[PDB]
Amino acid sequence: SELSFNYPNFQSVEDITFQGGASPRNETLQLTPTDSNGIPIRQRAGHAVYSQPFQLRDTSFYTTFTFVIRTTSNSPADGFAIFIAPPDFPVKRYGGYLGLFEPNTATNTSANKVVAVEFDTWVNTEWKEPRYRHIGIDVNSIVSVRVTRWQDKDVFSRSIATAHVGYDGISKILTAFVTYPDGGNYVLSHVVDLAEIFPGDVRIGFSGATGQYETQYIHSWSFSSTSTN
């Protein structure tokens, strides 16, 4: 179906739903909470989602957002993701599950219905993932189907980074491009039939989790979808 929105900043959150530890703060979406002293709270997850459902049958979309990772040590955890899931998808487990999975089914593709582009700051030993910080495409599992190295210089840059995520509904391909000002660029794509996974309605949004020593912020976001028919 056709949907468009545009948030150059979050002075308005009219159409954004916050769940778990996420909240609007300083004209941003703050995905995980901080205490009254500004310190990241450990072991929390949060979602900030566009409230209106849409359909993926015969649909292409383009979305872009800007983001900042604020770290308070060289060992931040856990990261954040942009995700698509059914409209009643709740905030799930904190830590390396990124708010998107739970321990007993996190690697079981038959037990999940969620697609995401993750920005992963903490190398988990509890399931397979690369030995370095990474950006990945996840299809129904916390073990990414496509994953690439995310350079530490960019992770810790303090920059406002940009992501572009697109889905071509004819070729059935999800793509992310991530760019840093005067830093790295990242390209990842995967063939996945989203309408097969999600025959009904979905929402798109962000999930963040701690972890420790990290807060994730979304500074702007826009989206457009169009019919392929």
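Numbering starts at 1 and follows the sequence shown.
- Judged by mean Cα B factor in the deposited record, 122 to 130 ranks above the other of 122 to 130 and 135 to 143.
- Judged by mean Cα B factor in the deposited record, 67 to 75 ranks above the other of 94 to 102 and 67 to 75.
- The entry lists C-alpha B-factors for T175, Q30, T162, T34, and the highest of these is at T34.
- You'll see in the entry that, of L56, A45, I204, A48, the Cα B factor peaks at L56.
- Annotation for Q11: CA B-factor lies in the highest third of the chain's modelled residues.
- In the deposited entry, the Cα temperature factor of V155 places it in the middle third of its chain's modelled residues.
- Among the modelled residues of its chain, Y180 has a C-alpha B-factor that falls in the middle third, as given in the PDB entry.
- In the deposited entry, the Cα temperature factor of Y62 sits in the bottom third of values across the chain's modelled residues.
- Ranked by Cα temperature factor within the chain, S224 sits in the middle third according to the deposited record.
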